[PDB]
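The file entry-v3.tsv comes next; it holds TSV, C-alpha atoms (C1' of nucleotides).
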chain	number	residue	atom	x	y	z
A	62	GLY	CA	0.00	0.00	0.00
A	63	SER	CA	0.98	3.61	0.50
A	64	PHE	CA	2.33	5.70	3.36
A	65	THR	CA	2.64	9.02	1.54
A	66	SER	CA	-1.08	9.30	0.77
A	67	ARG	CA	-2.78	11.92	2.93
A	68	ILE	CA	-5.77	10.57	4.89
A	69	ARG	CA	-8.52	13.01	5.76
A	70	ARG	CA	-10.85	12.80	8.74
A	71	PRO	CA	-14.37	11.63	7.86
A	72	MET	CA	-16.83	14.45	8.01
A	73	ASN	CA	-19.28	14.61	10.90
A	74	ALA	CA	-23.01	15.10	10.43
A	75	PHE	CA	-22.67	18.87	10.28
A	76	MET	CA	-20.06	18.81	7.50
A	77	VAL	CA	-22.07	16.33	5.41
A	78	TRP	CA	-25.11	18.63	5.58
A	79	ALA	CA	-22.98	21.76	5.19
A	80	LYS	CA	-21.30	20.43	2.05
A	81	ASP	CA	-24.58	20.55	0.11
A	82	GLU	CA	-26.07	23.59	1.88
A	83	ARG	CA	-22.90	25.63	1.57
A	84	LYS	CA	-23.08	25.14	-2.20
A	85	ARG	CA	-26.81	25.90	-2.13
A	86	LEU	CA	-26.25	29.17	-0.29
A	87	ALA	CA	-23.20	29.99	-2.42
A	88	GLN	CA	-25.45	30.02	-5.50
A	89	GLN	CA	-28.04	32.35	-3.93
A	90	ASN	CA	-25.32	34.59	-2.41
A	91	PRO	CA	-22.39	34.53	-4.82
A	92	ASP	CA	-20.40	37.50	-3.48
A	93	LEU	CA	-20.36	35.97	-0.01
A	94	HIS	CA	-17.13	34.50	1.36
A	95	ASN	CA	-17.08	31.06	2.85
A	96	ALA	CA	-16.40	32.60	6.29
A	97	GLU	CA	-19.67	34.47	5.98
A	98	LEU	CA	-21.36	31.37	4.58
A	99	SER	CA	-20.28	29.34	7.60
A	100	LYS	CA	-21.92	31.85	9.92
A	101	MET	CA	-25.09	31.26	7.98
A	102	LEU	CA	-24.78	27.46	8.18
A	103	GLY	CA	-24.19	27.23	11.93
A	104	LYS	CA	-27.32	29.29	12.51
A	105	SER	CA	-29.33	27.10	10.13
A	106	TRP	CA	-27.92	23.97	11.74
A	107	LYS	CA	-28.86	25.10	15.25
A	108	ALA	CA	-32.43	25.54	14.01
A	109	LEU	CA	-32.88	21.97	12.83
A	110	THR	CA	-34.89	19.54	14.91
A	111	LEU	CA	-32.92	16.51	16.00
A	112	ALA	CA	-35.49	14.73	13.85
A	113	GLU	CA	-34.20	16.85	10.94
A	114	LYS	CA	-30.55	16.13	11.69
A	115	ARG	CA	-30.86	12.36	12.02
A	116	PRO	CA	-30.57	11.69	8.24
A	117	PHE	CA	-27.23	13.52	8.14
A	118	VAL	CA	-26.22	11.69	11.33
A	119	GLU	CA	-26.93	8.36	9.64
A	120	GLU	CA	-24.92	9.41	6.58
A	121	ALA	CA	-22.01	10.51	8.78
A	122	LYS	CA	-22.12	7.05	10.40
A	123	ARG	CA	-21.87	5.30	6.99
A	124	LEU	CA	-18.84	7.42	6.10
A	125	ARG	CA	-16.92	6.65	9.31
A	126	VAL	CA	-17.70	2.94	8.95
A	127	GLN	CA	-16.41	3.13	5.38
A	128	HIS	CA	-13.42	5.19	6.49
A	129	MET	CA	-12.61	2.21	8.70
A	130	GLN	CA	-12.53	-0.42	5.92
A	131	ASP	CA	-10.24	1.77	3.81
A	132	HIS	CA	-7.89	2.60	6.71
A	133	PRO	CA	-8.47	-0.19	9.13
A	134	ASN	CA	-6.03	0.57	11.98
A	135	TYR	CA	-6.38	4.32	11.52
A	136	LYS	CA	-5.47	6.60	14.43
A	137	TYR	CA	-6.22	10.32	14.28
A	138	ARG	CA	-2.97	12.27	14.82
A	139	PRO	CA	-3.26	16.05	14.98
A	140	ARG	CA	-0.03	17.83	14.06
A	141	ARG	CA	1.75	20.49	16.08
B	1	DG	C1'	4.11	32.12	-8.32
B	2	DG	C1'	2.98	27.75	-6.61
B	3	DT	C1'	2.12	26.40	-2.07
B	4	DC	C1'	0.79	26.93	2.37
B	5	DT	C1'	-2.32	29.35	6.14
B	6	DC	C1'	-6.22	31.35	7.37
B	7	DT	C1'	-11.20	32.34	7.65
B	8	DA	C1'	-15.67	30.52	9.76
B	9	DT	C1'	-18.97	26.60	11.06
B	10	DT	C1'	-19.92	21.83	14.08
B	11	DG	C1'	-18.83	17.54	15.80
B	12	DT	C1'	-15.08	14.25	16.74
B	13	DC	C1'	-11.13	13.08	18.47
B	14	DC	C1'	-6.59	14.02	20.21
B	15	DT	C1'	-2.65	15.22	23.16
B	16	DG	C1'	-1.25	18.00	27.16
C	1	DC	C1'	-15.28	13.74	32.79
C	2	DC	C1'	-12.06	20.60	32.01
C	3	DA	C1'	-8.52	23.23	28.78
C	4	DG	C1'	-6.56	23.81	24.65
C	5	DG	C1'	-6.19	22.16	20.64
C	6	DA	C1'	-6.34	19.78	15.23
C	7	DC	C1'	-9.28	19.02	11.48
C	8	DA	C1'	-12.90	17.35	8.34
C	9	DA	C1'	-15.45	20.62	3.11
C	10	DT	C1'	-15.35	25.33	0.89
C	11	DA	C1'	-13.06	29.38	-2.09
C	12	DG	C1'	-11.29	33.80	-1.18
C	13	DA	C1'	-7.22	36.06	0.01
C	14	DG	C1'	-2.44	37.23	2.16
C	15	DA	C1'	2.22	35.73	2.75
C	16	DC	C1'	6.56	34.14	1.39

Write out the structure in this file as C-alpha cells.
Amino acid sequence: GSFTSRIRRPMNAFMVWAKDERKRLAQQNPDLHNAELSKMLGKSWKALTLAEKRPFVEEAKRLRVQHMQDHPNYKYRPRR
DNA sequence: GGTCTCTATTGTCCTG
DNA sequence: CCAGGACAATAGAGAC
C-alpha cells in the first residue's frame, strides 16, 4: 500500500449537511465569502430539529464505517 | 508564483 | 469527565 497518501478525517453530520447547503447558499449569495457562509450554516444547523438532523447523522455514520474499511487501523494524529 | 495558512462553522477526536 | 487544541469541506485572500 501507501504511506505518503494523505488521509482526511471523515466528516461529521454537520459537515455532510454543510457540504450541500454551503453550495446551495453559495449560488443564492455569490459575493459571499465562505467565512460568511459558515456563519449562515451554523445558525441554520442550530435551528434543525434533532429529527431533521438524524438523516445527516446516519450518513455521517456510513462514512466513518467506510473510512474504517479503507484505513483499518487508523489513528487520528493532529499535528503540532 | 505555486504552495501553504487562514477564515468561519460543528462535531469528533486528540494530546497536554 | 475541564482546557486547549487539530481538522474534516469550501473558495477567497495574504504571505513568502

Rows by chain and residue number, chain A within 10 Å of chain C, shortest pair, all atoms listed in the file, as CSV:
residue,atom,partner,partner_atom,distance
A:69,CA,C:8,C1',6.7
A:70,CA,C:8,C1',5.0
A:71,CA,C:8,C1',5.9
A:72,CA,C:8,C1',4.9
A:73,CA,C:8,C1',7.4
A:76,CA,C:9,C1',6.6
A:77,CA,C:9,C1',8.2
A:79,CA,C:9,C1',7.9
A:80,CA,C:9,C1',5.9
A:81,CA,C:9,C1',9.6
A:83,CA,C:10,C1',7.6
A:84,CA,C:10,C1',8.3
A:87,CA,C:10,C1',9.7
A:93,CA,C:12,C1',9.4
A:94,CA,C:12,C1',6.4
A:95,CA,C:10,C1',6.3
A:96,CA,C:10,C1',9.1
A:98,CA,C:10,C1',9.3
A:99,CA,C:10,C1',9.2
A:137,CA,C:6,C1',9.5
A:138,CA,C:6,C1',8.2
A:139,CA,C:6,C1',4.8
A:140,CA,C:6,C1',6.7
A:141,CA,C:6,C1',8.2

Pull out every residue of chain B that has at least one atom within 6 Å of chain A, counting all atoms listed in the file, and report them as a ChimeraX atom specification.
/B:7-11

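One distance worth recording is that between atom CA of residue 64 of chain A and atom CA of residue 133 of chain A, which is 13.6 Å.
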
Between atom CA of residue 124 of chain A and atom CA of residue 66 of chain A, measure the distance and give it in Å to one decimal.
18.6 Å

Atom CA of residue 67 of chain A to atom CA of residue 127 of chain A, straight-line distance in Å
16.4 Å

Starting from the structure just given, write a file holding segment 2-14 of chain C with C-alpha atoms (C1' of nucleotides), as a PDB file, in the first residue's frame.
ATOM      1  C1'  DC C   2     -12.061  20.602  32.015  1.00  0.00           C
ATOM      2  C1'  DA C   3      -8.519  23.235  28.780  1.00  0.00           C
ATOM      3  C1'  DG C   4      -6.561  23.808  24.647  1.00  0.00           C
ATOM      4  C1'  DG C   5      -6.195  22.159  20.637  1.00  0.00           C
ATOM      5  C1'  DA C   6      -6.345  19.780  15.235  1.00  0.00           C
ATOM      6  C1'  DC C   7      -9.281  19.019  11.476  1.00  0.00           C
ATOM      7  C1'  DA C   8     -12.905  17.350   8.343  1.00  0.00           C
ATOM      8  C1'  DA C   9     -15.447  20.621   3.111  1.00  0.00           C
ATOM      9  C1'  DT C  10     -15.354  25.329   0.892  1.00  0.00           C
ATOM     10  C1'  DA C  11     -13.061  29.378  -2.088  1.00  0.00           C
ATOM     11  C1'  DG C  12     -11.289  33.795  -1.181  1.00  0.00           C
ATOM     12  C1'  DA C  13      -7.224  36.064   0.013  1.00  0.00           C
ATOM     13  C1'  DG C  14      -2.436  37.226   2.156  1.00  0.00           C
TER      14       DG C  14
END
